[PDB]
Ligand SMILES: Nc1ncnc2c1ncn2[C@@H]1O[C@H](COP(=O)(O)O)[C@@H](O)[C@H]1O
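Just one chain follows, in the form solved without this ligand, and it is written as structure tokens.
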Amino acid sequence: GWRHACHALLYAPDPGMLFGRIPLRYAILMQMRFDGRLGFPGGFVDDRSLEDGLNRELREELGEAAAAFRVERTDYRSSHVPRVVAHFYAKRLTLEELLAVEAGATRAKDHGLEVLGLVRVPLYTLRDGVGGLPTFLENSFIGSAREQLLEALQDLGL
């Protein structure tokens, strides 16, 4: 009936401080996609399980350090609505596993093709009330990814 997609919000506690003063709370990964839009890592499933496809896609897009974990059904968060069903997952990593994913991503299959690069989501809001999170949210996103990010940030009290 539908064409199934799976995306994953990968995040890690980050005790780091911007400019020595501003607290990042989490490292949260999103990808700049080949179409110029921010989105979550993942894609379409085809693949013995929905978690199989998602993890395969994560490997193709993030590289082999994505085999150091495995997004399982336990990690499964939401399903949003062409005839595409968007299955949203969230996976808590150590900042270690996440840094390693940032390094390995510059040499995944999709580097420079489908994936134009990774970014962290600024959770802070800067001085003038625009810089940081609010400005970040005014870029362009693939369908729902802004809503899945907002949905997920409040599932963490943020």
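Residue numbers run from 1 along the displayed sequence.
One more form of this protein, solved in complex with this ligand, exists but is not displayed; see below.
Site residues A86, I142 and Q148 are all in contact with this ligand in the deposited complex, judged by any heavy atom within 4.5 Å. None of the heavy atoms of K91 is located within 4.5 Å of this ligand in the deposited complex. Using a 4.5 Å cutoff between non-hydrogen atoms, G63 does not count as a contact of this ligand in the deposited complex.
Among residues of the shown chain, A152 is not one whose heavy atoms approach this ligand to within 4.5 Å in the deposited complex.
Along 25 to 55, these residues reach a heavy atom to within 4.5 Å of this ligand in the deposited complex: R33, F34, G39, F40, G42, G43, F44.
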